file start.cif (mmCIF, N, CA, C and O atoms and all ligand atoms)
data_structure
#
loop_
_atom_site.label_atom_id
_atom_site.label_comp_id
_atom_site.auth_asym_id
_atom_site.auth_seq_id
_atom_site.Cartn_x
_atom_site.Cartn_y
_atom_site.Cartn_z
N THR A 10 134.71 82.86 258.34
CA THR A 10 135.97 83.40 258.99
C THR A 10 137.37 82.91 258.47
O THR A 10 138.17 83.70 257.91
N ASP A 11 137.68 81.62 258.65
CA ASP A 11 138.93 81.12 258.12
C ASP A 11 138.82 81.06 256.61
O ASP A 11 137.70 81.03 256.05
N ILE A 12 139.99 81.04 255.95
CA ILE A 12 140.06 80.88 254.49
C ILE A 12 140.28 79.39 254.12
O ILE A 12 141.33 78.81 254.42
N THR A 13 139.27 78.75 253.55
CA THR A 13 139.46 77.35 253.17
C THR A 13 139.55 77.21 251.68
O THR A 13 138.73 77.77 250.94
N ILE A 14 140.55 76.46 251.23
CA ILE A 14 140.80 76.35 249.80
C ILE A 14 140.92 74.91 249.33
O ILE A 14 141.64 74.10 249.92
N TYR A 15 140.17 74.61 248.28
CA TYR A 15 140.33 73.38 247.54
C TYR A 15 141.01 73.75 246.26
O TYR A 15 140.66 74.74 245.65
N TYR A 16 142.03 73.00 245.88
CA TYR A 16 142.85 73.36 244.74
C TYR A 16 142.98 72.11 243.91
O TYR A 16 143.27 71.04 244.45
N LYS A 17 142.70 72.21 242.61
CA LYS A 17 142.76 71.06 241.72
C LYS A 17 144.18 70.94 241.15
O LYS A 17 144.76 71.92 240.66
N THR A 18 144.76 69.74 241.25
CA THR A 18 146.15 69.54 240.85
C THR A 18 146.51 68.07 240.91
O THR A 18 145.93 67.32 241.71
N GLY A 19 147.49 67.70 240.06
CA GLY A 19 148.11 66.39 240.03
C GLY A 19 149.45 66.34 240.76
O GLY A 19 149.95 65.26 241.03
N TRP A 20 150.00 67.51 241.08
CA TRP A 20 151.24 67.65 241.82
C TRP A 20 151.23 66.81 243.07
O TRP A 20 150.18 66.71 243.72
N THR A 21 152.35 66.22 243.45
CA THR A 21 152.32 65.33 244.62
C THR A 21 152.68 66.01 245.90
O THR A 21 152.21 65.58 246.96
N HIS A 22 153.53 67.04 245.85
CA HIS A 22 153.71 67.87 247.04
C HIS A 22 153.26 69.33 246.82
O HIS A 22 154.08 70.26 246.89
N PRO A 23 151.96 69.55 246.54
CA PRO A 23 151.46 70.91 246.30
C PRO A 23 151.60 71.82 247.54
O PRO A 23 151.38 71.38 248.67
N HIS A 24 151.98 73.07 247.32
CA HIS A 24 152.04 74.06 248.38
C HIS A 24 151.29 75.35 247.97
O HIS A 24 151.25 75.75 246.79
N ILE A 25 150.69 76.00 248.96
CA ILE A 25 150.20 77.36 248.81
C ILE A 25 151.16 78.29 249.55
O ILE A 25 151.52 78.05 250.71
N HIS A 26 151.60 79.32 248.86
CA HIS A 26 152.57 80.25 249.43
C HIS A 26 151.78 81.55 249.39
O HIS A 26 151.28 81.93 248.33
N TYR A 27 151.59 82.20 250.54
CA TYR A 27 150.64 83.31 250.61
C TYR A 27 151.07 84.46 251.51
O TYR A 27 151.98 84.31 252.35
N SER A 28 150.42 85.60 251.33
CA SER A 28 150.57 86.71 252.27
C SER A 28 149.19 87.06 252.87
O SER A 28 148.33 87.60 252.17
N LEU A 29 148.99 86.74 254.16
CA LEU A 29 147.73 87.03 254.86
C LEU A 29 147.55 88.50 255.30
O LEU A 29 148.43 89.11 255.90
N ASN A 30 146.38 89.04 254.96
CA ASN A 30 146.09 90.46 255.18
C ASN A 30 147.34 91.33 255.04
O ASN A 30 147.69 92.06 255.97
N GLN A 31 148.02 91.24 253.90
CA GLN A 31 149.16 92.12 253.57
C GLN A 31 150.36 92.00 254.49
O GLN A 31 151.16 92.93 254.57
N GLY A 32 150.51 90.87 255.17
CA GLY A 32 151.61 90.70 256.10
C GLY A 32 152.73 89.92 255.45
O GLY A 32 152.75 89.73 254.22
N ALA A 33 153.66 89.48 256.27
CA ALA A 33 154.70 88.57 255.85
C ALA A 33 154.16 87.47 254.91
O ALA A 33 153.05 86.95 255.08
N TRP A 34 154.97 87.16 253.91
CA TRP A 34 154.73 86.04 253.03
C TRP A 34 155.19 84.80 253.81
O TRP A 34 156.13 84.89 254.62
N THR A 35 154.53 83.65 253.59
CA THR A 35 154.97 82.38 254.20
C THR A 35 156.43 82.03 253.81
O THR A 35 156.93 82.48 252.78
N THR A 36 157.13 81.23 254.60
CA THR A 36 158.45 80.84 254.12
C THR A 36 158.36 79.76 253.01
O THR A 36 157.66 78.74 253.16
N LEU A 37 159.07 79.98 251.90
CA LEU A 37 159.01 79.09 250.73
C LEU A 37 159.39 77.64 251.06
O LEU A 37 160.29 77.42 251.89
N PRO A 38 158.74 76.67 250.42
CA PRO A 38 157.74 76.88 249.36
C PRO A 38 156.27 77.18 249.81
O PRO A 38 155.31 77.08 248.99
N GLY A 39 156.08 77.52 251.09
CA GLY A 39 154.75 77.68 251.65
C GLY A 39 154.23 76.50 252.46
O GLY A 39 154.97 75.60 252.83
N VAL A 40 152.93 76.52 252.74
CA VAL A 40 152.24 75.54 253.55
C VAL A 40 151.76 74.44 252.64
O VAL A 40 151.11 74.75 251.66
N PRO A 41 152.04 73.17 252.93
CA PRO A 41 151.60 72.09 252.04
C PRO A 41 150.09 71.82 252.10
O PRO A 41 149.51 71.84 253.18
N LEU A 42 149.47 71.59 250.96
CA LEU A 42 148.06 71.22 250.90
C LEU A 42 147.88 69.70 251.11
O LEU A 42 148.64 68.89 250.57
N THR A 43 146.86 69.30 251.85
CA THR A 43 146.63 67.88 252.11
C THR A 43 145.71 67.25 251.09
O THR A 43 144.91 67.95 250.48
N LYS A 44 145.81 65.93 250.92
CA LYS A 44 144.93 65.16 250.03
C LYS A 44 143.49 65.26 250.51
O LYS A 44 143.23 65.16 251.70
N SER A 45 142.57 65.46 249.58
CA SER A 45 141.20 65.74 249.94
C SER A 45 140.27 64.60 249.62
O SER A 45 140.62 63.63 248.93
N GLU A 46 139.04 64.75 250.08
CA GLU A 46 138.01 63.76 249.92
C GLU A 46 137.46 63.78 248.48
O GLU A 46 136.52 63.03 248.15
N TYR A 47 138.06 64.61 247.62
CA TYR A 47 137.60 64.83 246.24
C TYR A 47 138.71 64.52 245.24
O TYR A 47 139.78 65.21 245.23
N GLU A 48 138.45 63.50 244.42
CA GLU A 48 139.34 63.10 243.33
C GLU A 48 139.97 64.31 242.64
O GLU A 48 139.26 65.18 242.12
N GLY A 49 141.31 64.37 242.66
CA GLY A 49 142.06 65.38 241.94
C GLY A 49 142.18 66.71 242.66
O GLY A 49 142.73 67.67 242.09
N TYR A 50 141.70 66.77 243.90
CA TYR A 50 141.80 68.00 244.67
C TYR A 50 142.60 67.86 245.96
O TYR A 50 142.58 66.82 246.63
N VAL A 51 143.29 68.95 246.32
CA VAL A 51 143.90 69.08 247.64
C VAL A 51 143.25 70.23 248.40
O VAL A 51 142.62 71.09 247.78
N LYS A 52 143.42 70.26 249.72
CA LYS A 52 142.81 71.31 250.54
C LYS A 52 143.71 71.80 251.66
O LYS A 52 144.50 71.04 252.21
N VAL A 53 143.58 73.08 252.00
CA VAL A 53 144.18 73.64 253.19
C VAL A 53 143.15 74.59 253.78
O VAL A 53 142.27 75.09 253.08
N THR A 54 143.23 74.82 255.09
CA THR A 54 142.35 75.81 255.71
C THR A 54 143.25 76.79 256.40
O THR A 54 143.95 76.42 257.30
N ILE A 55 143.29 78.03 255.95
CA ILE A 55 144.11 79.02 256.65
C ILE A 55 143.30 79.83 257.64
O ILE A 55 142.31 80.45 257.27
N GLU A 56 143.74 79.80 258.90
CA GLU A 56 143.07 80.46 260.01
C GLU A 56 143.20 81.95 259.87
O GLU A 56 144.29 82.45 259.63
N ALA A 57 142.08 82.65 260.01
CA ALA A 57 142.02 84.08 259.76
C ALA A 57 140.83 84.72 260.48
O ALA A 57 139.80 84.07 260.69
N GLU A 58 140.97 86.00 260.86
CA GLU A 58 139.89 86.72 261.56
C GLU A 58 138.85 87.24 260.56
O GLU A 58 139.07 87.15 259.35
N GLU A 59 137.72 87.73 261.08
CA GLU A 59 136.59 88.17 260.24
C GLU A 59 137.08 89.16 259.19
O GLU A 59 137.93 90.00 259.50
N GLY A 60 136.56 89.03 257.96
CA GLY A 60 136.86 89.96 256.87
C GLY A 60 138.30 89.99 256.35
O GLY A 60 138.79 91.04 255.88
N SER A 61 138.97 88.83 256.43
CA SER A 61 140.36 88.66 256.03
C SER A 61 140.50 88.38 254.53
O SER A 61 139.58 87.89 253.87
N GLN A 62 141.67 88.69 253.99
CA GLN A 62 141.95 88.48 252.58
C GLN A 62 143.39 87.98 252.49
O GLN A 62 144.25 88.52 253.21
N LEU A 63 143.66 86.96 251.66
CA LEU A 63 145.06 86.61 251.32
C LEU A 63 145.40 86.65 249.82
O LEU A 63 144.49 86.52 248.99
N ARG A 64 146.68 86.86 249.51
CA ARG A 64 147.22 86.74 248.16
C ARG A 64 147.97 85.43 248.16
O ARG A 64 148.84 85.22 249.01
N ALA A 65 147.65 84.55 247.20
CA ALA A 65 148.36 83.27 247.08
C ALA A 65 148.88 82.92 245.67
O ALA A 65 148.33 83.34 244.65
N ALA A 66 149.97 82.16 245.65
CA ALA A 66 150.37 81.40 244.47
C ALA A 66 150.65 79.97 244.91
O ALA A 66 151.04 79.72 246.06
N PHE A 67 150.45 79.02 244.00
CA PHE A 67 150.60 77.62 244.33
C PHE A 67 151.78 77.00 243.60
O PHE A 67 152.11 77.39 242.49
N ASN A 68 152.41 76.02 244.20
CA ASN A 68 153.57 75.42 243.56
C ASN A 68 153.67 73.91 243.82
O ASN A 68 152.89 73.34 244.60
N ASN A 69 154.60 73.26 243.15
CA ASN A 69 154.78 71.83 243.35
C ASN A 69 155.81 71.53 244.43
O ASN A 69 156.38 70.43 244.47
N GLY A 70 156.06 72.51 245.30
CA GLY A 70 157.10 72.37 246.30
C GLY A 70 158.49 72.54 245.70
O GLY A 70 159.49 72.28 246.39
N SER A 71 158.58 73.01 244.46
CA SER A 71 159.86 73.05 243.79
C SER A 71 159.98 74.08 242.68
O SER A 71 160.92 74.01 241.88
N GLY A 72 159.10 75.04 242.54
CA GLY A 72 159.42 75.95 241.44
C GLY A 72 158.68 75.84 240.12
O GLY A 72 158.76 76.75 239.32
N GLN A 73 157.96 74.75 239.89
CA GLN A 73 156.79 74.81 239.01
C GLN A 73 155.67 75.51 239.75
O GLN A 73 155.08 74.91 240.65
N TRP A 74 155.38 76.76 239.38
CA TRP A 74 154.34 77.55 240.05
C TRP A 74 153.04 77.73 239.26
O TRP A 74 153.06 77.71 238.03
N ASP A 75 151.91 77.88 239.98
CA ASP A 75 150.63 78.37 239.44
C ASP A 75 150.36 79.74 240.07
O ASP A 75 149.91 79.82 241.21
N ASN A 76 150.63 80.82 239.37
CA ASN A 76 150.45 82.13 239.99
C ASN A 76 149.53 83.05 239.26
O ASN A 76 149.70 84.29 239.32
N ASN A 77 148.54 82.48 238.57
CA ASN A 77 147.51 83.30 237.93
C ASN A 77 148.19 84.29 237.00
O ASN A 77 148.01 85.53 237.15
N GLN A 78 149.00 83.74 236.08
CA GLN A 78 149.75 84.57 235.13
C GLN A 78 150.46 85.76 235.77
O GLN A 78 150.42 86.86 235.23
N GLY A 79 151.09 85.54 236.92
CA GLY A 79 151.92 86.55 237.56
C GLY A 79 151.20 87.49 238.52
O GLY A 79 151.85 88.23 239.28
N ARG A 80 149.87 87.47 238.50
CA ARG A 80 149.07 88.37 239.32
C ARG A 80 148.77 87.80 240.70
O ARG A 80 148.29 88.54 241.56
N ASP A 81 149.01 86.49 240.88
CA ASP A 81 148.58 85.76 242.07
C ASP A 81 147.07 85.69 242.19
O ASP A 81 146.33 86.44 241.53
N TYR A 82 146.62 84.81 243.08
CA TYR A 82 145.21 84.63 243.38
C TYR A 82 144.81 85.33 244.67
O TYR A 82 145.54 85.29 245.65
N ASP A 83 143.64 85.98 244.68
CA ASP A 83 143.06 86.53 245.91
C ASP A 83 141.95 85.65 246.47
O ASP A 83 141.08 85.21 245.74
N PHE A 84 141.98 85.43 247.78
CA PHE A 84 140.92 84.72 248.47
C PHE A 84 140.43 85.50 249.68
O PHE A 84 141.19 86.20 250.34
N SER A 85 139.13 85.38 249.97
CA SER A 85 138.51 85.95 251.17
C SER A 85 138.10 84.84 252.12
O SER A 85 137.94 83.70 251.70
N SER A 86 137.91 85.20 253.38
CA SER A 86 137.25 84.32 254.35
C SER A 86 136.12 83.47 253.74
O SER A 86 135.32 83.97 252.93
N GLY A 87 136.08 82.19 254.11
CA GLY A 87 135.11 81.27 253.54
C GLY A 87 135.75 80.14 252.77
O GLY A 87 136.99 80.11 252.67
N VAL A 88 134.92 79.22 252.25
CA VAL A 88 135.37 78.13 251.34
C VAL A 88 135.43 78.56 249.86
O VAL A 88 134.61 79.37 249.40
N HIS A 89 136.42 78.02 249.14
CA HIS A 89 136.64 78.23 247.69
C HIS A 89 137.35 77.07 247.04
O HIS A 89 138.18 76.39 247.67
N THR A 90 137.06 76.89 245.76
CA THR A 90 137.76 75.93 244.96
C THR A 90 138.47 76.66 243.85
O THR A 90 137.87 77.50 243.19
N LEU A 91 139.75 76.38 243.67
CA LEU A 91 140.51 76.88 242.54
C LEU A 91 140.72 75.73 241.57
O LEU A 91 141.42 74.76 241.88
N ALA A 92 140.08 75.85 240.41
CA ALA A 92 140.17 74.83 239.38
C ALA A 92 140.57 75.51 238.10
O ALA A 92 139.89 76.44 237.67
N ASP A 93 141.69 75.08 237.53
CA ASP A 93 142.15 75.53 236.22
C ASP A 93 141.99 77.04 236.03
O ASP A 93 141.33 77.48 235.09
N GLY A 94 142.58 77.83 236.93
CA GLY A 94 142.63 79.27 236.76
C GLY A 94 141.49 79.99 237.42
O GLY A 94 141.55 81.21 237.58
N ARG A 95 140.48 79.24 237.86
CA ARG A 95 139.21 79.82 238.26
C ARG A 95 138.75 79.54 239.73
O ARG A 95 138.63 78.39 240.16
N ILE A 96 138.47 80.61 240.47
CA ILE A 96 137.94 80.49 241.82
C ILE A 96 136.43 80.47 241.83
O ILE A 96 135.77 81.27 241.17
N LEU A 97 135.87 79.54 242.58
CA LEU A 97 134.42 79.49 242.80
C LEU A 97 134.21 79.23 244.28
O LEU A 97 135.09 78.65 244.93
N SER A 98 133.07 79.65 244.83
CA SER A 98 132.88 79.46 246.27
C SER A 98 132.41 78.08 246.56
O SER A 98 131.91 77.39 245.69
N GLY A 99 132.59 77.68 247.81
CA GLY A 99 132.24 76.36 248.23
C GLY A 99 133.27 75.36 247.79
O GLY A 99 134.36 75.67 247.29
N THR A 100 132.87 74.12 248.00
CA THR A 100 133.69 72.97 247.75
C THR A 100 133.58 72.56 246.29
O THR A 100 132.68 73.06 245.58
N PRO A 101 134.50 71.70 245.83
CA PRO A 101 134.55 71.29 244.43
C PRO A 101 133.21 70.83 243.85
O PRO A 101 132.39 70.23 244.55
N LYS A 102 133.02 71.15 242.57
CA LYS A 102 131.79 70.90 241.80
C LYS A 102 131.99 69.66 240.93
O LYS A 102 131.03 69.02 240.49
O1 LIG B 1 159.27 90.78 247.78
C1 LIG B 1 158.93 91.61 246.69
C2 LIG B 1 157.78 90.91 245.94
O2 LIG B 1 156.88 90.19 246.85
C3 LIG B 1 155.68 89.63 246.27
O3 LIG B 1 156.00 88.51 245.38
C4 LIG B 1 155.36 87.29 245.62
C5 LIG B 1 154.79 86.89 244.27
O4 LIG B 1 153.79 87.78 243.79
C6 LIG B 1 154.31 85.45 244.27
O5 LIG B 1 153.89 85.08 242.99
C7 LIG B 1 155.51 84.58 244.58
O6 LIG B 1 156.42 84.67 243.46
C8 LIG B 1 156.83 83.41 242.95
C9 LIG B 1 156.36 83.35 241.50
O7 LIG B 1 154.96 83.17 241.41
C10 LIG B 1 157.08 82.24 240.74
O8 LIG B 1 156.74 82.39 239.40
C11 LIG B 1 158.58 82.41 240.87
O9 LIG B 1 158.97 83.70 240.37
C12 LIG B 1 159.91 83.69 239.30
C13 LIG B 1 159.38 84.70 238.29
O10 LIG B 1 158.14 84.27 237.74
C14 LIG B 1 160.43 85.05 237.22
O11 LIG B 1 159.89 86.01 236.32
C15 LIG B 1 161.72 85.54 237.90
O12 LIG B 1 161.44 86.68 238.71
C16 LIG B 1 162.19 87.84 238.54
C17 LIG B 1 161.22 88.87 237.98
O13 LIG B 1 160.77 88.49 236.70
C18 LIG B 1 161.87 90.22 237.88
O14 LIG B 1 160.87 91.11 237.53
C19 LIG B 1 162.49 90.66 239.20
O15 LIG B 1 161.44 91.02 240.06
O16 LIG B 1 163.27 89.59 239.73
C20 LIG B 1 162.51 88.42 239.91
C21 LIG B 1 163.21 87.46 240.86
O17 LIG B 1 164.52 87.89 241.09
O18 LIG B 1 162.21 84.51 238.73
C22 LIG B 1 161.33 84.09 239.77
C23 LIG B 1 162.04 82.94 240.46
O19 LIG B 1 163.15 83.49 241.10
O20 LIG B 1 158.88 82.31 242.23
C24 LIG B 1 158.35 83.34 243.02
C25 LIG B 1 158.78 83.14 244.46
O21 LIG B 1 160.18 83.00 244.62
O22 LIG B 1 156.07 84.95 245.83
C26 LIG B 1 156.46 86.30 245.97
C27 LIG B 1 156.93 86.40 247.39
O23 LIG B 1 157.81 85.32 247.58
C28 LIG B 1 154.96 90.78 245.51
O24 LIG B 1 153.61 90.54 245.13
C29 LIG B 1 155.86 91.22 244.33
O25 LIG B 1 155.14 92.01 243.40
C30 LIG B 1 157.10 91.91 244.96
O26 LIG B 1 158.02 92.45 244.02
#
call {"tool": "encode", "arguments": {"input": "start.cif", "output": "structure tokens"}}
result
Amino acid sequence: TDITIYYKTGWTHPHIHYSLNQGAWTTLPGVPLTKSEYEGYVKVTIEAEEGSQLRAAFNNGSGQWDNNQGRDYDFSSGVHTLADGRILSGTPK
């Protein structure tokens, strides 16, 4: 149901800035990701109803962005890890 994301990064104030099910975009720079139980990863869990989808781009809280070469990243309900351009399900590998 909720969208949970693990994101690999060295940035110290990483943010995910997203639009949930095609609605309003978050206010910039977005929602900050918290330090995770996995070396080099941060995590956020975005609350969402069944069958939800978000569009996201990630940033350092300041304008260095990771936006999947301008296309942004898509996520569905469930857990995912974004590592170096690539989404995989579940928690970090
Ligand atoms: O509101 C209309 C708009 O909404 C959605 O945009 C969202 C983006 O898809 C999402 O990535 C995020 O955008 C970030 C972006 O990732 C980050 O790189 C930075 O953007 C830079 C551009 O990369 C840069 O090229 C330049 O942008 C120019 C753009 O090239 C030109 O084509 C024209 O559109 O003017 C743009 C800006 O005036 O500068 C910006 C920095 O100013 O920052 C972006 C966030 O500020 O967030 C967007 C929502 O905030 C839609 O998906 C998008 O297609 C729609 O047009």
call {"tool": "closest_residue", "arguments": {"input": "start.cif", "among": "A:60, A:70, A:38, A:32", "to": "residue A:20", "atoms": "only N, CA, C and O atoms"}}
result
A:70
call {"tool": "residues_near_ligand", "arguments": {"input": "start.cif", "ligand": "ligand LIG 1 (chain B)", "cutoff": "10 Å", "atoms": "only C-alpha atoms and all ligand atoms", "output": "MDAnalysis selection string"}}
result
chainID A and resid 25:28 31 33:39 64:68 71:82
call {"tool": "residues_near_point", "arguments": {"input": "start.cif", "point": "(132.9, 81.2, 243.3)", "cutoff": "5 Å", "atoms": "only N, CA, C and O atoms", "output": "mmCIF file with N, CA, C and O atoms, in the frame of the given file"}}
result
data_model
loop_
_atom_site.group_PDB
_atom_site.id
_atom_site.type_symbol
_atom_site.label_atom_id
_atom_site.label_comp_id
_atom_site.auth_asym_id
_atom_site.auth_seq_id
_atom_site.Cartn_x
_atom_site.Cartn_y
_atom_site.Cartn_z
ATOM 1 N N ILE A 96 138.470 80.610 240.470
ATOM 2 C CA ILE A 96 137.940 80.490 241.820
ATOM 3 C C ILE A 96 136.430 80.470 241.830
ATOM 4 O O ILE A 96 135.770 81.270 241.170
ATOM 5 N N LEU A 97 135.870 79.540 242.580
ATOM 6 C CA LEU A 97 134.420 79.490 242.800
ATOM 7 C C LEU A 97 134.210 79.230 244.280
ATOM 8 O O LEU A 97 135.090 78.650 244.930
ATOM 9 N N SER A 98 133.070 79.650 244.830
ATOM 10 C CA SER A 98 132.880 79.460 246.270
ATOM 11 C C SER A 98 132.410 78.080 246.560
ATOM 12 O O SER A 98 131.910 77.390 245.690
#
call {"tool": "residues_around", "arguments": {"input": "start.cif", "residues": "residue A:58", "least_positions_apart": "3", "cutoff": "6 Å", "atoms": "all atoms listed in the file", "output": "PyMOL selection string"}}
result
chain A and resi 10-11+61
call {"tool": "write_last_selection", "arguments": {"input": "start.cif", "atoms": "N, CA, C and O atoms", "output": "PDB file, keeping the file's coordinate frame"}}
result
ATOM      1  N   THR A  10     134.710  82.860 258.340  1.00  0.00           N
ATOM      2  CA  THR A  10     135.970  83.400 258.990  1.00  0.00           C
ATOM      3  C   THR A  10     137.370  82.910 258.470  1.00  0.00           C
ATOM      4  O   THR A  10     138.170  83.700 257.910  1.00  0.00           O
ATOM      5  N   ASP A  11     137.680  81.620 258.650  1.00  0.00           N
ATOM      6  CA  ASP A  11     138.930  81.120 258.120  1.00  0.00           C
ATOM      7  C   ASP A  11     138.820  81.060 256.610  1.00  0.00           C
ATOM      8  O   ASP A  11     137.700  81.030 256.050  1.00  0.00           O
ATOM      9  N   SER A  61     138.970  88.830 256.430  1.00  0.00           N
ATOM     10  CA  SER A  61     140.360  88.660 256.030  1.00  0.00           C
ATOM     11  C   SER A  61     140.500  88.380 254.530  1.00  0.00           C
ATOM     12  O   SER A  61     139.580  87.890 253.870  1.00  0.00           O
TER      13      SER A  61
END
call {"tool": "select_by_dssp", "arguments": {"input": "start.cif", "residues": "stretch 29-74 of chain A", "states": "strand (DSSP E)", "output": "PyMOL selection string"}}
result
chain A and resi 29+40-41+43-44+50-55+62-68+74
call {"tool": "atom_distance", "arguments": {"input": "start.cif", "atom1": "atom CA of residue A:48", "atom2": "atom CA of residue A:91"}}
result
13.9 Å
call {"tool": "closest_residue", "arguments": {"input": "start.cif", "among": "A:42, A:55, A:69, A:101", "to": "residue A:87", "atoms": "all atoms listed in the file"}}
result
A:55
call {"tool": "closest_residue", "arguments": {"input": "start.cif", "among": "A:43, A:13, A:54, A:21", "to": "residue A:90", "atoms": "only N, CA, C and O atoms"}}
result
A:13
call {"tool": "axis_aligned_box", "arguments": {"input": "start.cif", "around": "stretch 55-58 of chain A", "padding_each_side": "3 Å", "output": "JSON"}}
result
{"center_x": 141.6, "center_y": 82.6, "center_z": 258.8, "size_x": 11.4, "size_y": 15.2, "size_z": 11.6}
call {"tool": "residues_near_point", "arguments": {"input": "start.cif", "point": "(140.2, 65.9, 247.3)", "cutoff": "12 Å", "atoms": "only C-alpha atoms", "output": "list in words"}}
result
residues 14, 15, 16, 17, 18, 19, 42, 43, 44, 45, 46, 47, 48, 49, 50, 51, 52, 53, 90, 91, 92, 100, 101 and 102 of chain A
call {"tool": "atom_distance", "arguments": {"input": "start.cif", "atom1": "atom CA of residue A:62", "atom2": "atom CA of residue A:88"}}
result
12.3 Å
